[PDB]
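**Q** Below is one structure. I have some questions about it.
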Amino acid sequence: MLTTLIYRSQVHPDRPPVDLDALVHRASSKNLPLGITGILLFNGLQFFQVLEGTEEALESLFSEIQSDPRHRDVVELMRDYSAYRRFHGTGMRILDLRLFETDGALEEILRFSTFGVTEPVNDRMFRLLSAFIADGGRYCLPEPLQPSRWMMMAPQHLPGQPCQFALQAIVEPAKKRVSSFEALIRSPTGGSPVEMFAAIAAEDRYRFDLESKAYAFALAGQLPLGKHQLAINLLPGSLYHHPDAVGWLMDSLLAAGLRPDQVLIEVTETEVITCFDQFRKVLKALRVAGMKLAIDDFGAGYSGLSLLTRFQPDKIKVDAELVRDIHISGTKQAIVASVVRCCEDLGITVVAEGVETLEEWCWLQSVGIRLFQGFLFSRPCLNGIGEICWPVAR
Amino acid sequence: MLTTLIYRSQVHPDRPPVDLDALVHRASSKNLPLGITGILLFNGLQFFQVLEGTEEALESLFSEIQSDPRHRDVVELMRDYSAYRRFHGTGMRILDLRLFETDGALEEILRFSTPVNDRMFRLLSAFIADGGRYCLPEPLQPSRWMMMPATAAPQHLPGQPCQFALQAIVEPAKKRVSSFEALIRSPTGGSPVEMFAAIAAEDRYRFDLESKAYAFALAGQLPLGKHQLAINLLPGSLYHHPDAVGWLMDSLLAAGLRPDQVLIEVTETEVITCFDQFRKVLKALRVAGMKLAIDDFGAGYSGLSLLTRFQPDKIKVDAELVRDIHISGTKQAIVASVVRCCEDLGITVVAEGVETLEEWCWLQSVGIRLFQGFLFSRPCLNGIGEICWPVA
Ligand SMILES: Nc1nc2c(ncn2[C@@H]2O[C@@H]3COP(=O)(O)O[C@H]4[C@@H](O)[C@H](n5cnc6c(=O)[nH]c(N)nc65)O[C@@H]4COP(=O)(O)O[C@H]3[C@H]2O)c(=O)[nH]1
Ligand SMILES: Nc1nc2c(ncn2[C@@H]2O[C@@H]3COP(=O)(O)O[C@H]4[C@@H](O)[C@H](n5cnc6c(=O)[nH]c(N)nc65)O[C@@H]4COP(=O)(O)O[C@H]3[C@H]2O)c(=O)[nH]1
Ligand SMILES: Cc1cc2nc3c(=O)[nH]c(=O)nc-3n(C[C@H](O)[C@H](O)[C@H](O)COP(=O)(O)O)c2cc1C
Ligand SMILES: Cc1cc2nc3c(=O)[nH]c(=O)nc-3n(C[C@H](O)[C@H](O)[C@H](O)COP(=O)(O)O)c2cc1C
Ligand SMILES: [Ca+2]
Ligand SMILES: [Ca+2]
Ligand SMILES: [Ca+2]
Ligand SMILES: [Ca+2]
């Protein structure tokens, strides 16, 4: 089946310039018998290629292209089935954009391509070509944020308690500063939140979730919570199904030597969106009391910015699923970059969670993320503050 | 009950400068007895004001401020309940940002206010860093524009179980019609609800699919030429027949249309409710060469995370985000993020439901170039309606 594949990449700046003549000649020669057509764009610093052909032919070729030493930061932009070849023709063409003025390069593309009966601008491939021509440097990863320039540099369990908590740091690597700690519930045997709640009767789960937080506050109070923030996780129902959950939390966090402004409630985006009715009175009370709110798991499931017209949280936590393979995904890059910007405009804090690799950290930072949470920096620490690994140069 | 209200605005650059010392002195003196506090930031062009007080007091005060001819382009950025007063003991106070070096204004703020973990503070910082971002440019002032009158030729067609009205999606910059949307109508010319209410509940998906034959017929006999055509379809209509896509292909071809010329609009909510099933249908549409749009984007709550799952050719911003976008910083921020994301992904964006020059001008300022609404063109029963263009 005819498939389209579009990616962008960049050259190595400190290495000799790539021989584009040898590249394009061997490309067009190899592509012809395999039925692979398209076009290569080059602006001096970045490549942008369109590839058309069978699914299996492009999968094979793109694997080789990903392994190629002549470029790096290969970012996939589009991959879809196609009704016709836009670049009919027997050879990989190259367009050196440095030789064209304002809109001469688009003019040049329409000499070797057709985009159906309607205006070319109605075609996604053409719009992507235009965007790279207009401003290809936008998602060009800066030199200082190249992963290769970076490298990475006790507590007891409490079985007698009906539940215990692990603390994971949210960090700001640019200031080597810990922003806050998230409390994650653990079972008496050190099990996961799934195991903990599975051991509780379905009819008592909401109440348990709320009441478990007294132990999270006690832990934070015993630890030097020196002006750091404490995030806790609650389901909407846990706050909702209680005559006064806000007052309950208030009394509990007050007793533990904490302040209202120091406690942030994380609620999953999926379960907040599904019950707008009940949530707003609870959210209001949380606000008036002075506690902060975060929208958790932002990007996972059903999760949008239109939510923000109804109410605006203090913080949004970008889900690990958008963080996964962000370095190779143009789609995730564009979404995360857009969320970051919207949050800046609205004065909402953004945290990228589930950060496991320097690649993720570098690319997340390139689109404006400054607060991070993940195994790269600090893993959850049962009943204590874990060690933090900071990225350092070389 | 304490409330916080924040807005940004702009001076009239052609008019004499306002005496801000007098304005602020009068403001501070009036505000404090009424239990109102806050600050005013000025960068030479724009104002940024924080107001704290009861819901009643800020409502009354903001109404006056909105009517004040000393400024324009008043955009509300925040209105929410507050736990405490940030500017206790300060009726009103102006910080002229041109009198400060980097972070000087912010540092002074902290000395008389009562930090990066507060939304008001982050907004203050954001205005100081890049206050001009959502400043409406001078050429895009509604006063610098005027809608011109265009005749339509609507016809009632008999021998049909349904009819279709056509509404143009336009690109005002190029005085160009991008596409026409087919909107189903009853045999008597009534609304979609009226049409579907006369069909048995169980026959609605089938009827929705089969009705598209008459939309293709209308487009074909228009003639459509090189223009695109939205139809609308529910996912269930597309699931109704095993080869619904195959049937659409035959019907559009017989009407003298091309696959790449036909675009299927599916509502945001109905797509996410079934990722299952939809992918097989989407696959067939792409292979056949028809295009897909996500309609009512921002109504199904909603957003850009769906783009990891598939990506449509087009998204159409829901009318709720369009409404009063000129006075809502929140809608402005959301619409701008959708525009920027879709631009990066090469997805066309249409602002739907545009009724005023104010909406059009502000949508244009956040990057939208394709528009659908009564401002430009109303739905025309079985025909191409008249189009109005804004002129400078
Ligand atoms: N793969 C990967 N994972 C990372 C990384 N960094 C952190 N994580 C983990 O991802 C989860 C983050 O919490 P969450 O997204 O709020 O998702 C949490 C949260 O929803 C939750 N949860 C935790 N405590 C509570 C609670 O007290 N009440 C409720 N309702 N839910 C809770 O259960 C979910 C699963 O929790 P956890 O087992 O604690 O697992 C944690 C955590 O340890 C990373 O770099 N890579
Ligand atoms: N206030 C205002 N309204 C504006 C403006 N511009 C356009 N509209 C209108 O908003 C609707 C736009 O179509 P929609 O969002 O798809 O919303 C449509 C669409 O969902 C729909 N529909 C139309 N045809 C079909 C169909 O064949 N099948 C299905 N399933 N739904 C259809 O029923 C809905 C109701 O459609 P309509 O009466 O045609 O109403 C149209 C339209 O006339 C404006 O500037 N201001
Ligand atoms: C920007 C870029 C574009 C490329 N395009 C193609 C191409 O279209 N066709 C191709 O066969 N190889 C292409 N390559 C080269 C492949 O990565 C790889 O070197 C080649 O397929 C190896 O096959 P060979 O040794 O049998 O010639 C490209 C490499 C880069 C850096
Ligand atoms: C940028 C801006 C900020 C203003 N802030 C206040 C204010 O905080 N308090 C106030 O009473 N009037 C404020 N005003 C003035 C009001 O719009 C209005 O002129 C005044 O409240 C009328 O009341 P008066 O008749 O007692 O003067 C502001 C005007 C502008 C242009
Ligand atoms: Ca969480
Ligand atoms: Ca998560
Ligand atoms: Ca529609
Ligand atoms: Ca709509």
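Residues are named by chain letter and number: chains run A, B, ... in the order of the structure tokens, numbers start at 1 in each chain, and ligands are numbered from 1 in the order shown.
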Would you mind listing what lies within 7 Å of residue 187 of chain B as a list in words, with only C-alpha atoms counted and same-chain residues fewer than 2 positions away left out?
**A**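 Contacts, in chain order: residues 160, 161, 162, 163, 185 and 189 of chain B.
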**Q** Mind dumping the selected residues with C-alpha atoms as a PDB file, in the first residue's frame?
**A**
ATOM      1  CA  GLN B 160     -35.689  14.598  -2.186  1.00  0.00           C
ATOM      2  CA  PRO B 161     -35.897  13.169   1.366  1.00  0.00           C
ATOM      3  CA  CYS B 162     -33.508  15.930   2.490  1.00  0.00           C
ATOM      4  CA  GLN B 163     -31.803  19.125   1.354  1.00  0.00           C
ATOM      5  CA  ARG B 185     -31.841  20.538   5.994  1.00  0.00           C
ATOM      6  CA  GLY B 189     -35.976  23.785   4.699  1.00  0.00           C
TER       7      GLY B 189
END
**Q** For chain A, work out the contacting residues on chain B at 6 Å, counting only C-alpha atoms, and write them as an MDAnalysis selection string.
**A** chainID B and resid 82:83 119 122:123 226 286:289 298 301:303 305 333 337 341 346
**Q** Let me see if you get this right: every residue at most 7 Å from ligand 2, counting only C-alpha atoms and all ligand atoms, written as a list in words.
**A** residues 182, 183, 184, 191, 192, 208, 211, 212, 231, 232, 233, 234, 295, 296, 352, 353, 354, 355, 372, 373, 374, 375, 378 and 379 of chain B
**Q** Could you turn the residues from that selection into a file that holds C-alpha atoms, as an mmCIF file, in the first residue's frame?
**A**
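What ended up in result-v9.cif:
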data_model
loop_
_atom_site.group_PDB
_atom_site.id
_atom_site.type_symbol
_atom_site.label_atom_id
_atom_site.label_comp_id
_atom_site.auth_asym_id
_atom_site.auth_seq_id
_atom_site.Cartn_x
_atom_site.Cartn_y
_atom_site.Cartn_z
ATOM 1 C CA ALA B 182 -22.919 20.998 3.281
ATOM 2 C CA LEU B 183 -25.344 21.362 6.195
ATOM 3 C CA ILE B 184 -28.351 19.027 6.077
ATOM 4 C CA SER B 191 -32.793 22.521 10.756
ATOM 5 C CA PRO B 192 -30.755 19.285 11.062
ATOM 6 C CA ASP B 208 -27.009 10.348 7.631
ATOM 7 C CA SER B 211 -28.173 11.729 2.571
ATOM 8 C CA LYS B 212 -24.617 12.517 1.400
ATOM 9 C CA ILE B 231 -19.768 17.008 4.526
ATOM 10 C CA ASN B 232 -20.501 16.079 8.159
ATOM 11 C CA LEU B 233 -20.881 12.457 9.321
ATOM 12 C CA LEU B 234 -21.280 10.722 12.677
ATOM 13 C CA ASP B 295 -15.122 19.453 14.124
ATOM 14 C CA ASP B 296 -16.126 21.180 17.391
ATOM 15 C CA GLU B 352 -16.055 28.662 12.918
ATOM 16 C CA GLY B 353 -18.973 30.873 13.974
ATOM 17 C CA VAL B 354 -17.326 34.266 13.365
ATOM 18 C CA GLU B 355 -20.009 36.974 13.714
ATOM 19 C CA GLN B 372 -16.498 30.343 8.681
ATOM 20 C CA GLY B 373 -19.372 32.491 9.937
ATOM 21 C CA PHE B 374 -22.297 34.851 9.382
ATOM 22 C CA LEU B 375 -19.832 37.769 9.213
ATOM 23 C CA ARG B 378 -24.529 32.657 5.753
ATOM 24 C CA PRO B 379 -25.763 29.131 4.889
#
**Q** Using only C-alpha atoms and all ligand atoms, what are the residues with an atom within 8 Å of ligand 1, set out as a ChimeraX atom specification?
**A** /A:165-166,168,183-186,192-194,209-210,212-213,232-235,238,266,268,296-297,319-320,353-356,373-376,378-380
**Q** Residues contacting ligand 3 - anything with an atom at most 10 Å away, using only C-alpha atoms and all ligand atoms - can you give me those as a compact mmCIF listing (two decimals) with C-alpha atoms, in the first residue's frame?
**A**
# COMPACT_ATOMS: atom_id res chain seq x y z
CA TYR A 7 11.08 13.54 8.67
CA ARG A 8 13.55 16.31 9.46
CA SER A 9 17.11 16.09 10.75
CA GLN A 10 20.26 18.19 11.17
CA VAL A 11 23.91 17.88 10.17
CA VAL A 18 28.18 16.36 3.58
CA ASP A 19 28.68 15.45 -0.08
CA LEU A 20 25.11 16.05 -1.29
CA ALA A 22 27.08 11.45 -3.75
CA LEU A 23 24.11 11.27 -1.38
CA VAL A 24 21.46 12.25 -3.94
CA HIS A 25 22.98 10.12 -6.75
CA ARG A 26 23.07 6.91 -4.66
CA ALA A 27 19.64 7.75 -3.20
CA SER A 28 17.88 8.20 -6.55
CA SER A 29 19.70 5.15 -7.96
CA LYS A 30 18.64 2.94 -5.03
CA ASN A 31 15.09 4.34 -4.82
CA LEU A 32 14.15 3.79 -8.48
CA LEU A 34 12.23 -0.07 -5.16
CA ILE A 36 10.50 5.11 -3.73
CA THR A 37 9.89 8.72 -4.77
CA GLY A 38 9.88 12.10 -3.01
CA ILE A 39 12.15 15.10 -2.39
CA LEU A 40 15.02 16.21 -0.12
CA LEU A 41 15.29 19.79 1.18
CA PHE A 42 18.48 21.28 2.64
CA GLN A 46 18.92 20.77 8.35
CA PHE A 47 17.51 18.09 6.07
CA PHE A 48 13.80 17.65 5.36
CA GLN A 49 12.79 14.61 3.28
CA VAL A 50 9.51 13.39 1.85
CA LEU A 51 9.38 9.68 1.00
CA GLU A 52 6.60 7.98 -0.96
CA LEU A 58 9.84 3.06 3.59
CA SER A 60 13.39 -0.52 5.48
CA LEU A 61 14.80 2.74 4.07
CA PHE A 62 13.99 4.85 7.15
CA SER A 63 15.82 2.33 9.37
CA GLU A 64 18.96 2.88 7.28
CA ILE A 65 18.41 6.66 7.29
CA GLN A 66 18.07 6.65 11.10
CA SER A 67 21.47 4.87 11.36
CA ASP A 68 23.20 7.30 9.00
CA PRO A 69 26.27 9.13 10.43
CA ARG A 70 25.80 12.07 8.01
CA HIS A 71 22.96 13.49 10.14
CA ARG A 72 21.45 13.45 13.64
CA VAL A 74 16.06 12.57 13.06
CA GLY A 91 14.68 9.98 -8.67
CA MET A 92 15.24 11.68 -5.35
CA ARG A 93 15.44 15.40 -6.12
CA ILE A 94 17.25 17.83 -3.83
**Q** Which chains and residue numbers are within 6 Å of ligand 4, counting only C-alpha atoms and all ligand atoms, if I want them as an MDAnalysis selection string?
**A** chainID B and resid 27 30:31 47 64:65 68 70:71 92
**Q** Quick one: everything within 12 Å of residue 100 of chain B, counting only C-alpha atoms, minus sequence neighbours fewer than 5 positions away in the same chain. Send it as an MDAnalysis selection string.
**A** chainID B and resid 41:43 95 105:109 128
**Q** Any chance you can output those residues with C-alpha atoms as a JSON list (two decimals), in the first residue's frame?
**A**
[["chain", "number", "residue", "atom", "x", "y", "z"],
["B", 41, "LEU", "CA", 1.72, 48.11, 35.46],
["B", 42, "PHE", "CA", 2.53, 50.41, 32.53],
["B", 43, "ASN", "CA", 5.08, 49.74, 29.76],
["B", 95, "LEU", "CA", 4.69, 50.64, 38.41],
["B", 105, "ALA", "CA", 9.81, 45.99, 39.05],
["B", 106, "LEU", "CA", 9.19, 42.44, 40.32],
["B", 107, "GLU", "CA", 11.53, 43.01, 43.29],
["B", 108, "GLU", "CA", 9.70, 46.22, 44.26],
["B", 109, "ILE", "CA", 6.33, 44.44, 43.95],
["B", 128, "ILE", "CA", 6.88, 42.30, 32.31]]
